[PDB]
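Asks: Structure file start_31.cif, mmCIF, C-alpha atoms, is pasted below:
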data_upload
loop_
_atom_site.group_PDB
_atom_site.id
_atom_site.type_symbol
_atom_site.label_atom_id
_atom_site.label_comp_id
_atom_site.auth_asym_id
_atom_site.auth_seq_id
_atom_site.Cartn_x
_atom_site.Cartn_y
_atom_site.Cartn_z
ATOM 1 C CA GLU A 1 20.850 13.607 4.966
ATOM 2 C CA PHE A 2 18.324 15.982 3.327
ATOM 3 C CA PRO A 3 17.725 16.412 -0.391
ATOM 4 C CA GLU A 4 17.264 20.113 -1.176
ATOM 5 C CA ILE A 5 13.944 21.551 -2.393
ATOM 6 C CA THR A 6 15.278 23.062 -5.657
ATOM 7 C CA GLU A 7 13.603 25.944 -7.492
ATOM 8 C CA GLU A 8 12.630 23.744 -10.477
ATOM 9 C CA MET A 9 10.541 21.702 -8.070
ATOM 10 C CA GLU A 10 8.830 24.383 -5.983
ATOM 11 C CA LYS A 11 7.546 25.913 -9.236
ATOM 12 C CA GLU A 12 5.977 22.705 -10.553
ATOM 13 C CA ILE A 13 4.593 22.003 -7.099
ATOM 14 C CA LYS A 14 2.915 25.348 -6.397
ATOM 15 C CA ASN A 15 1.466 24.922 -9.894
ATOM 16 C CA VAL A 16 -0.292 21.617 -9.237
ATOM 17 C CA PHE A 17 -1.681 22.954 -5.949
ATOM 18 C CA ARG A 18 -3.365 26.030 -7.456
ATOM 19 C CA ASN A 19 -7.126 25.735 -7.953
ATOM 20 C CA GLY A 20 -7.398 24.369 -11.498
ATOM 21 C CA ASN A 21 -9.041 21.460 -13.302
ATOM 22 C CA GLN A 22 -9.613 19.036 -10.422
ATOM 23 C CA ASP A 23 -10.054 15.973 -12.655
ATOM 24 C CA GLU A 24 -6.852 16.520 -14.646
ATOM 25 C CA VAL A 25 -5.049 13.226 -15.269
ATOM 26 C CA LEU A 26 -1.497 14.210 -14.045
ATOM 27 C CA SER A 27 0.265 10.823 -13.372
ATOM 28 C CA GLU A 28 -0.153 7.139 -14.356
ATOM 29 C CA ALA A 29 1.665 3.745 -13.850
ATOM 30 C CA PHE A 30 0.928 1.200 -11.079
ATOM 31 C CA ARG A 31 -2.500 1.036 -12.681
ATOM 32 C CA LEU A 32 -3.014 4.045 -10.424
ATOM 33 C CA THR A 33 -4.231 7.460 -11.563
ATOM 34 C CA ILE A 34 -3.195 10.604 -9.754
ATOM 35 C CA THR A 35 -5.244 13.777 -10.274
ATOM 36 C CA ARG A 36 -4.981 17.405 -9.161
ATOM 37 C CA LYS A 37 -7.707 16.354 -6.704
ATOM 38 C CA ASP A 38 -5.549 13.550 -5.340
ATOM 39 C CA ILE A 39 -2.524 15.799 -5.290
ATOM 40 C CA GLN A 40 -4.509 18.434 -3.426
ATOM 41 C CA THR A 41 -4.560 16.106 -0.405
ATOM 42 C CA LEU A 42 -0.885 16.873 0.214
ATOM 43 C CA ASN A 43 -1.463 20.621 0.551
ATOM 44 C CA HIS A 44 -1.421 22.460 3.902
ATOM 45 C CA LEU A 45 -2.964 20.000 6.372
ATOM 46 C CA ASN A 46 -5.308 18.026 4.126
ATOM 47 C CA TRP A 47 -6.334 14.455 4.828
ATOM 48 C CA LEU A 48 -4.501 12.069 2.496
ATOM 49 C CA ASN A 49 -6.838 10.066 0.300
ATOM 50 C CA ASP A 50 -6.166 6.399 -0.384
ATOM 51 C CA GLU A 51 -4.821 6.906 -3.934
ATOM 52 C CA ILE A 52 -1.741 8.752 -2.666
ATOM 53 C CA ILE A 53 -0.812 6.112 -0.113
ATOM 54 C CA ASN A 54 -1.241 3.166 -2.470
ATOM 55 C CA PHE A 55 0.992 5.015 -4.929
ATOM 56 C CA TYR A 56 3.634 5.629 -2.254
ATOM 57 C CA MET A 57 3.376 2.003 -1.130
ATOM 58 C CA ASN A 58 4.182 1.006 -4.685
ATOM 59 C CA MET A 59 7.319 3.100 -4.956
ATOM 60 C CA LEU A 60 8.303 1.994 -1.455
ATOM 61 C CA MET A 61 7.992 -1.530 -2.881
ATOM 62 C CA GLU A 62 9.429 -0.828 -6.338
ATOM 63 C CA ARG A 63 12.616 0.525 -4.612
ATOM 64 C CA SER A 64 12.770 -2.658 -2.455
ATOM 65 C CA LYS A 65 13.957 -4.570 -5.563
ATOM 66 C CA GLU A 66 17.301 -2.729 -5.702
ATOM 67 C CA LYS A 67 20.454 -4.242 -4.254
ATOM 68 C CA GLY A 68 21.256 -4.099 -0.529
ATOM 69 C CA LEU A 69 17.646 -3.547 0.434
ATOM 70 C CA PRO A 70 14.979 -5.841 1.955
ATOM 71 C CA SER A 71 12.554 -6.873 -0.769
ATOM 72 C CA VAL A 72 8.978 -5.770 0.001
ATOM 73 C CA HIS A 73 5.489 -6.546 -1.099
ATOM 74 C CA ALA A 74 2.904 -3.914 -0.259
ATOM 75 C CA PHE A 75 -0.835 -4.546 -0.153
ATOM 76 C CA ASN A 76 -3.236 -1.811 -1.162
ATOM 77 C CA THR A 77 -5.109 0.016 1.587
ATOM 78 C CA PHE A 78 -8.478 -1.767 1.301
ATOM 79 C CA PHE A 79 -6.846 -5.111 2.037
ATOM 80 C CA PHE A 80 -6.647 -4.798 5.805
ATOM 81 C CA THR A 81 -10.227 -3.827 6.498
ATOM 82 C CA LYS A 82 -11.672 -6.165 3.859
ATOM 83 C CA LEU A 83 -9.944 -8.904 5.853
ATOM 84 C CA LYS A 84 -10.993 -7.543 9.258
ATOM 85 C CA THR A 85 -14.595 -7.166 8.094
ATOM 86 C CA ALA A 86 -15.129 -9.951 5.540
ATOM 87 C CA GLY A 87 -12.590 -12.592 6.580
ATOM 88 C CA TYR A 88 -10.033 -14.492 4.519
ATOM 89 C CA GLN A 89 -12.074 -16.099 1.746
ATOM 90 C CA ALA A 90 -12.769 -12.586 0.491
ATOM 91 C CA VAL A 91 -9.115 -11.700 -0.167
ATOM 92 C CA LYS A 92 -7.867 -15.227 -1.012
ATOM 93 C CA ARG A 93 -6.953 -14.279 -3.993
ATOM 94 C CA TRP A 94 -5.467 -10.782 -4.080
ATOM 95 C CA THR A 95 -2.171 -12.645 -3.732
ATOM 96 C CA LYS A 96 -2.484 -15.003 -6.677
ATOM 97 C CA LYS A 97 0.821 -14.372 -8.483
ATOM 98 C CA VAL A 98 2.803 -13.393 -5.364
ATOM 99 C CA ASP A 99 4.623 -15.730 -2.993
ATOM 100 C CA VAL A 100 4.177 -13.427 -0.019
ATOM 101 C CA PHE A 101 6.847 -15.448 1.798
ATOM 102 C CA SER A 102 9.515 -15.009 -0.840
ATOM 103 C CA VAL A 103 9.804 -11.450 0.433
ATOM 104 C CA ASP A 104 11.550 -9.665 3.331
ATOM 105 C CA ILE A 105 8.868 -7.206 4.485
ATOM 106 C CA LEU A 106 5.147 -6.902 4.050
ATOM 107 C CA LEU A 107 3.574 -3.474 4.094
ATOM 108 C CA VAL A 108 0.057 -3.212 5.477
ATOM 109 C CA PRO A 109 -1.525 0.231 5.280
ATOM 110 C CA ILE A 110 -4.600 0.452 7.531
ATOM 111 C CA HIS A 111 -7.710 2.599 7.339
ATOM 112 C CA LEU A 112 -9.482 2.850 10.709
ATOM 113 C CA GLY A 113 -12.701 4.825 10.265
ATOM 114 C CA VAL A 114 -11.277 8.367 10.200
ATOM 115 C CA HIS A 115 -7.623 7.534 10.708
ATOM 116 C CA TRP A 116 -4.458 6.125 9.019
ATOM 117 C CA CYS A 117 -1.993 3.571 10.465
ATOM 118 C CA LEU A 118 0.601 0.980 9.411
ATOM 119 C CA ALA A 119 1.422 -2.667 10.132
ATOM 120 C CA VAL A 120 4.667 -4.368 9.090
ATOM 121 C CA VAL A 121 5.331 -8.084 8.651
ATOM 122 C CA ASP A 122 9.094 -8.535 8.997
ATOM 123 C CA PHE A 123 9.666 -12.179 7.935
ATOM 124 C CA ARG A 124 13.352 -11.902 8.861
ATOM 125 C CA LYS A 125 12.894 -10.159 12.215
ATOM 126 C CA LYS A 126 9.967 -12.539 12.879
ATOM 127 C CA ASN A 127 7.632 -9.861 14.263
ATOM 128 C CA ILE A 128 4.360 -8.322 13.012
ATOM 129 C CA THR A 129 4.606 -4.817 14.379
ATOM 130 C CA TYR A 130 1.962 -2.001 14.224
ATOM 131 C CA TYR A 131 2.532 1.757 13.973
ATOM 132 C CA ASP A 132 0.204 4.585 15.102
ATOM 133 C CA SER A 133 1.409 8.193 15.317
ATOM 134 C CA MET A 134 -1.283 9.249 17.812
ATOM 135 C CA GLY A 135 0.044 6.340 19.884
ATOM 136 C CA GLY A 136 -3.110 4.209 19.877
ATOM 137 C CA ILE A 137 -2.506 0.467 20.182
ATOM 138 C CA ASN A 138 -4.053 -2.150 17.836
ATOM 139 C CA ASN A 139 -2.946 -5.616 18.973
ATOM 140 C CA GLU A 140 -5.974 -7.039 17.221
ATOM 141 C CA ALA A 141 -4.600 -6.068 13.807
ATOM 142 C CA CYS A 142 -1.496 -8.154 14.491
ATOM 143 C CA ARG A 143 -3.502 -11.140 15.690
ATOM 144 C CA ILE A 144 -5.524 -10.864 12.466
ATOM 145 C CA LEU A 145 -2.567 -10.652 10.097
ATOM 146 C CA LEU A 146 -0.989 -13.625 11.816
ATOM 147 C CA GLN A 147 -4.196 -15.503 11.056
ATOM 148 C CA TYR A 148 -3.789 -14.363 7.466
ATOM 149 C CA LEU A 149 -0.273 -15.809 7.322
ATOM 150 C CA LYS A 150 -1.466 -19.135 8.782
ATOM 151 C CA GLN A 151 -4.340 -19.257 6.264
ATOM 152 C CA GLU A 152 -2.383 -17.996 3.254
ATOM 153 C CA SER A 153 0.338 -20.595 3.917
ATOM 154 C CA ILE A 154 -2.280 -23.351 3.711
ATOM 155 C CA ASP A 155 -3.759 -21.850 0.542
ATOM 156 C CA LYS A 156 -0.575 -21.117 -1.382
ATOM 157 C CA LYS A 157 2.208 -23.399 -0.157
ATOM 158 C CA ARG A 158 -0.145 -26.183 1.048
ATOM 159 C CA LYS A 159 1.382 -26.303 4.569
ATOM 160 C CA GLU A 160 0.841 -24.697 8.009
ATOM 161 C CA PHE A 161 2.809 -21.569 8.875
ATOM 162 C CA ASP A 162 5.513 -22.033 11.516
ATOM 163 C CA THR A 163 4.174 -19.618 14.144
ATOM 164 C CA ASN A 164 7.062 -20.467 16.516
ATOM 165 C CA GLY A 165 9.188 -17.579 17.811
ATOM 166 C CA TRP A 166 7.125 -14.745 16.319
ATOM 167 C CA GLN A 167 6.396 -11.481 18.157
ATOM 168 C CA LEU A 168 3.325 -9.329 17.750
ATOM 169 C CA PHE A 169 3.118 -5.808 19.160
ATOM 170 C CA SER A 170 2.504 -2.078 18.761
ATOM 171 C CA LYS A 171 4.740 0.977 19.195
ATOM 172 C CA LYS A 172 4.022 3.638 21.861
ATOM 173 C CA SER A 173 5.936 6.753 22.987
ATOM 174 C CA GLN A 174 9.057 5.054 21.557
ATOM 175 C CA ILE A 175 8.869 6.736 18.130
ATOM 176 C CA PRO A 176 7.689 10.055 16.618
ATOM 177 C CA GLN A 177 4.200 11.170 17.665
ATOM 178 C CA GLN A 178 1.479 12.736 15.486
ATOM 179 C CA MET A 179 1.743 16.280 16.976
ATOM 180 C CA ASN A 180 -1.225 17.744 14.988
ATOM 181 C CA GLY A 181 -4.582 16.747 13.454
ATOM 182 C CA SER A 182 -3.986 15.518 9.904
ATOM 183 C CA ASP A 183 -0.408 14.275 9.366
ATOM 184 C CA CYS A 184 -1.329 10.635 10.068
ATOM 185 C CA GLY A 185 -1.373 9.272 6.502
ATOM 186 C CA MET A 186 1.847 11.202 6.238
ATOM 187 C CA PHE A 187 3.469 9.556 9.247
ATOM 188 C CA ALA A 188 2.301 6.187 7.946
ATOM 189 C CA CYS A 189 4.062 6.668 4.619
ATOM 190 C CA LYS A 190 7.300 8.084 5.941
ATOM 191 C CA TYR A 191 7.184 5.542 8.767
ATOM 192 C CA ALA A 192 7.386 2.841 6.077
ATOM 193 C CA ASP A 193 10.067 4.795 4.264
ATOM 194 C CA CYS A 194 12.606 4.352 7.007
ATOM 195 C CA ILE A 195 11.537 0.751 7.605
ATOM 196 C CA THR A 196 11.948 -0.184 3.968
ATOM 197 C CA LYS A 197 15.416 1.379 3.913
ATOM 198 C CA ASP A 198 16.370 -0.677 7.028
ATOM 199 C CA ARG A 199 17.296 2.789 8.233
ATOM 200 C CA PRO A 200 16.168 3.886 11.676
ATOM 201 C CA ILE A 201 13.310 6.329 12.092
ATOM 202 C CA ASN A 202 14.554 9.901 12.734
ATOM 203 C CA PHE A 203 12.012 12.550 11.654
ATOM 204 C CA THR A 204 9.573 14.669 13.665
ATOM 205 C CA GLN A 205 6.782 17.031 12.628
ATOM 206 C CA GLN A 206 8.627 19.943 10.908
ATOM 207 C CA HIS A 207 9.989 17.247 8.604
ATOM 208 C CA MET A 208 6.359 16.739 7.548
ATOM 209 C CA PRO A 209 5.542 19.963 5.622
ATOM 210 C CA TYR A 210 8.849 19.282 3.818
ATOM 211 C CA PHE A 211 7.979 15.622 3.275
ATOM 212 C CA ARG A 212 4.591 16.799 2.035
ATOM 213 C CA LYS A 213 5.933 19.012 -0.721
ATOM 214 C CA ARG A 214 8.703 16.484 -1.335
ATOM 215 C CA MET A 215 6.183 13.677 -1.692
ATOM 216 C CA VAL A 216 4.400 15.485 -4.537
ATOM 217 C CA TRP A 217 7.415 15.521 -6.858
ATOM 218 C CA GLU A 218 8.302 12.038 -5.680
ATOM 219 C CA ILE A 219 4.835 11.016 -6.892
ATOM 220 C CA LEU A 220 4.600 12.712 -10.269
ATOM 221 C CA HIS A 221 8.047 11.631 -11.359
ATOM 222 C CA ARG A 222 8.087 8.260 -9.500
ATOM 223 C CA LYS A 223 11.371 8.610 -7.595
ATOM 224 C CA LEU A 224 12.008 8.867 -3.868
ATOM 225 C CA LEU A 225 14.882 11.039 -2.742
ATOM 226 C CA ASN B 1 -16.391 -13.756 -28.630
ATOM 227 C CA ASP B 2 -19.088 -14.700 -26.118
ATOM 228 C CA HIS B 3 -20.551 -12.683 -23.200
ATOM 229 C CA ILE B 4 -19.849 -13.286 -19.464
ATOM 230 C CA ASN B 5 -21.390 -12.595 -16.032
ATOM 231 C CA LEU B 6 -19.782 -10.358 -13.371
ATOM 232 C CA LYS B 7 -20.614 -9.806 -9.701
ATOM 233 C CA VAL B 8 -19.999 -6.367 -8.189
ATOM 234 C CA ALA B 9 -19.886 -6.532 -4.390
ATOM 235 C CA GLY B 10 -20.273 -3.429 -2.273
ATOM 236 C CA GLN B 11 -18.638 -3.259 1.132
ATOM 237 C CA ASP B 12 -22.223 -3.107 2.444
ATOM 238 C CA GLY B 13 -22.358 -6.753 1.347
ATOM 239 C CA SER B 14 -24.401 -6.100 -1.780
ATOM 240 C CA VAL B 15 -23.688 -8.188 -4.887
ATOM 241 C CA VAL B 16 -24.945 -6.717 -8.174
ATOM 242 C CA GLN B 17 -24.847 -9.129 -11.126
ATOM 243 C CA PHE B 18 -23.947 -8.030 -14.679
ATOM 244 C CA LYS B 19 -23.772 -9.414 -18.234
ATOM 245 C CA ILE B 20 -21.239 -8.083 -20.770
ATOM 246 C CA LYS B 21 -19.289 -9.176 -23.858
ATOM 247 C CA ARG B 22 -15.668 -9.834 -22.849
ATOM 248 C CA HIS B 23 -13.960 -7.228 -25.045
ATOM 249 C CA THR B 24 -15.937 -4.203 -23.788
ATOM 250 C CA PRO B 25 -14.507 -1.276 -21.759
ATOM 251 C CA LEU B 26 -15.725 -1.269 -18.164
ATOM 252 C CA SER B 27 -16.945 2.340 -18.384
ATOM 253 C CA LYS B 28 -20.298 0.994 -19.594
ATOM 254 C CA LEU B 29 -20.603 -1.050 -16.381
ATOM 255 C CA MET B 30 -18.991 1.307 -13.858
ATOM 256 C CA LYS B 31 -21.367 4.183 -14.645
ATOM 257 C CA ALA B 32 -24.344 1.798 -14.775
ATOM 258 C CA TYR B 33 -23.427 0.562 -11.283
ATOM 259 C CA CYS B 34 -23.619 4.158 -10.083
ATOM 260 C CA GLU B 35 -26.741 5.194 -12.011
ATOM 261 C CA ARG B 36 -28.631 2.040 -11.056
ATOM 262 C CA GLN B 37 -28.071 1.461 -7.332
ATOM 263 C CA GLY B 38 -27.473 5.201 -6.870
ATOM 264 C CA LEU B 39 -23.844 6.067 -6.138
ATOM 265 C CA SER B 40 -21.146 8.664 -6.872
ATOM 266 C CA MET B 41 -18.198 7.532 -9.130
ATOM 267 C CA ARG B 42 -15.664 10.170 -8.097
ATOM 268 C CA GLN B 43 -15.883 8.766 -4.558
ATOM 269 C CA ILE B 44 -15.455 5.021 -5.133
ATOM 270 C CA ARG B 45 -12.828 2.641 -6.510
ATOM 271 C CA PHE B 46 -13.127 -0.744 -8.244
ATOM 272 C CA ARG B 47 -10.676 -3.620 -7.807
ATOM 273 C CA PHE B 48 -10.473 -7.110 -9.240
ATOM 274 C CA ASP B 49 -8.449 -9.162 -6.764
ATOM 275 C CA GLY B 50 -6.748 -5.964 -5.566
ATOM 276 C CA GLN B 51 -5.716 -5.015 -9.112
ATOM 277 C CA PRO B 52 -6.960 -1.462 -9.677
ATOM 278 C CA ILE B 53 -9.506 -1.512 -12.500
ATOM 279 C CA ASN B 54 -9.403 1.456 -14.841
ATOM 280 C CA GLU B 55 -12.150 2.614 -17.212
ATOM 281 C CA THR B 56 -9.913 1.886 -20.224
ATOM 282 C CA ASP B 57 -9.678 -1.713 -18.996
ATOM 283 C CA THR B 58 -11.698 -4.599 -20.490
ATOM 284 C CA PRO B 59 -12.567 -8.065 -19.062
ATOM 285 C CA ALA B 60 -10.286 -9.949 -21.498
ATOM 286 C CA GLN B 61 -7.554 -7.402 -20.719
ATOM 287 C CA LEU B 62 -7.986 -8.184 -17.002
ATOM 288 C CA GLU B 63 -8.151 -11.961 -17.581
ATOM 289 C CA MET B 64 -11.642 -11.932 -16.061
ATOM 290 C CA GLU B 65 -13.976 -14.897 -16.375
ATOM 291 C CA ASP B 66 -17.590 -15.939 -15.959
ATOM 292 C CA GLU B 67 -19.107 -15.167 -12.539
ATOM 293 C CA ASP B 68 -15.900 -13.482 -11.285
ATOM 294 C CA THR B 69 -16.315 -10.797 -8.627
ATOM 295 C CA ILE B 70 -15.305 -7.146 -8.532
ATOM 296 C CA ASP B 71 -14.854 -5.412 -5.175
ATOM 297 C CA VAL B 72 -15.865 -1.762 -4.826
ATOM 298 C CA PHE B 73 -14.946 0.495 -1.932
ATOM 299 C CA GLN B 74 -15.562 3.966 -0.554
ATOM 300 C CA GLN B 75 -12.711 6.348 -1.324
ATOM 301 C CA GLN B 76 -11.435 6.675 2.293
ATOM 302 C CA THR B 77 -9.678 9.647 3.878
ATOM 303 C CA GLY B 78 -7.737 9.928 7.112
ATOM 304 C CA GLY B 79 -5.987 12.367 9.383
#
Is it possible to give me this structure as structure tokens?

Replies:
Amino acid sequence: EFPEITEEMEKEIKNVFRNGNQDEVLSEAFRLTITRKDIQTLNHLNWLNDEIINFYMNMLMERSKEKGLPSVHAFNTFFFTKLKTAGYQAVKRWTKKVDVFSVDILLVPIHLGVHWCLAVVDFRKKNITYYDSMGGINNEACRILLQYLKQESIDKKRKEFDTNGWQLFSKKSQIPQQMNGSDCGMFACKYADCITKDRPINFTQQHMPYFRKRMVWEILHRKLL
Amino acid sequence: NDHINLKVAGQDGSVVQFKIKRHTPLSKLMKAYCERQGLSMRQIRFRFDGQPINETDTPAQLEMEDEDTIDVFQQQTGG
């Protein structure tokens, strides 16, 4: 199923990775700003900074708007933990001007101390389901998001959420595992990629260095092959 | 137009109040929030109700109002 890594690309990539002006502006839209510094986080085995993920979670979402594909709203990264730490009142609010329910999937990117992970609200599958590459379980996260839903429902559509029939859980040795030290934020993104395309998951490790380079062009040009 | 007040809340639970005229770029404030209350700038990110605030941006341009709050977070990295 693989898009090729054409010469035209490799040359623009290797260029933006070379030690240059770290604050160079590079790419806009999404009210996000992507610099050579931000880009640098996709090189070798670097830890992916928030800015990249948010950007990817916008394209993941922007794509989920085209026909034959589950519509998606994605929250920024800081959402989850600002909820976990501060509670609901704090993020009321971030969803003024979105009916969270009028969508098929919710994308929740999570930052756990020194670690990336993903949680997915599938309104149509009726199960909040959490994804860690290193295989660590976070049932709490699910229980929290569910609370969000309950609360949000009261605050937006002035009625209690129908909790009936919903599943909450976390994935284990059933999917692809981390297999190194830094490809978490990577897994997280490409995890979501298959989810958003209703496609199964399929990739494992070696697909990562490829996905890494591939992501860069995907980012600069906004476009996800 | 007339000036308005803006709360900037750190994830350490620290609100820092500010007065500004509503048509002014937020650069004035952002850098003042770092200078005063010592902090980086190329290590943090500002958001008004999740909307990413850019330096270019101005209160009126973000539909901000009196006593509205801006969240600011540490940049966050993960493996």

Asks: Can you tell me which residues surround stretch 17-33 of chain B at a distance of at most 10 Å, considering all atoms listed in the file, apart from same-chain residues fewer than 5 positions away, and format the answer as a compact mmCIF listing (two decimals) with C-alpha atoms, in the coordinates of the input?

Replies:
# COMPACT_ATOMS: atom_id res chain seq x y z
CA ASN B 1 -16.39 -13.76 -28.63
CA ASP B 2 -19.09 -14.70 -26.12
CA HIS B 3 -20.55 -12.68 -23.20
CA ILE B 4 -19.85 -13.29 -19.46
CA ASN B 5 -21.39 -12.60 -16.03
CA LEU B 6 -19.78 -10.36 -13.37
CA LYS B 7 -20.61 -9.81 -9.70
CA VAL B 8 -20.00 -6.37 -8.19
CA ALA B 9 -19.89 -6.53 -4.39
CA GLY B 38 -27.47 5.20 -6.87
CA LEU B 39 -23.84 6.07 -6.14
CA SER B 40 -21.15 8.66 -6.87
CA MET B 41 -18.20 7.53 -9.13
CA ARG B 45 -12.83 2.64 -6.51
CA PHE B 46 -13.13 -0.74 -8.24
CA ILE B 53 -9.51 -1.51 -12.50
CA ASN B 54 -9.40 1.46 -14.84
CA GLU B 55 -12.15 2.61 -17.21
CA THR B 56 -9.91 1.89 -20.22
CA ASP B 57 -9.68 -1.71 -19.00
CA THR B 58 -11.70 -4.60 -20.49
CA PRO B 59 -12.57 -8.06 -19.06
CA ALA B 60 -10.29 -9.95 -21.50
CA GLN B 61 -7.55 -7.40 -20.72
CA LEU B 62 -7.99 -8.18 -17.00
CA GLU B 63 -8.15 -11.96 -17.58
CA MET B 64 -11.64 -11.93 -16.06
CA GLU B 65 -13.98 -14.90 -16.38
CA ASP B 66 -17.59 -15.94 -15.96
CA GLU B 67 -19.11 -15.17 -12.54
CA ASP B 68 -15.90 -13.48 -11.28
CA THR B 69 -16.32 -10.80 -8.63

Asks: Check which residues satisfy the PyMOL selection byres ((chain B) within 10 of (chain A)) in the file shown, then give them as a PyMOL selection string.

Replies: chain B and resi 11+13+42+45+47-54+57+69+71-79

Asks: Using atom CA of residue B:12 and atom CA of residue A:152 as the two end points, give the distance in Å to one decimal.

Replies: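 Between these atoms lies a distance of 24.8 Å.
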
Asks: Take atom CA of residue A:165 and atom CA of residue A:129 and report the distance between them in Å, one decimal.

Replies: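 Taking atom CA of residue A:165 as the start and atom CA of residue A:129 as the end point, the length is 14.0 Å.
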
Asks: How many Å separate atom CA of residue A:136 from atom CA of residue A:190?

Replies: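 Computing it gives 17.8 Å between the two atoms.
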
Asks: For residue A:18, please output as a list in words all residues within 9 Å (counting only C-alpha atoms; exclusion window: fewer than 4 positions along the same chain).

Replies: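 Result of the neighbour search: residues 13, 14, 36 and 40 of chain A.
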
Asks: Under the PyMOL selection byres ((chain A and resi 201-212) around 9), which residues of this model are included? Write them out as a list in words.

Replies: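 Against this file, the PyMOL selection byres ((chain A and resi 201-212) around 9) returns the residues residues 5, 42, 43, 44, 45, 175, 176, 177, 178, 179, 180, 183, 186, 187, 190, 191, 193, 194, 195, 199, 200, 213, 214, 215 and 216 of chain A.
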
Asks: What do you get, as number ranges by chain, if you spell out every residue that the PyMOL selection byres ((chain A and resi 156) around 12) selects here?

Replies: A: 92-102, 148-155, 157-161

Asks: My list of candidates is A:167, A:54, A:27, A:6. Which is closest to residue A:121 when distances are computed with all atoms listed in the file?

Replies: A:167
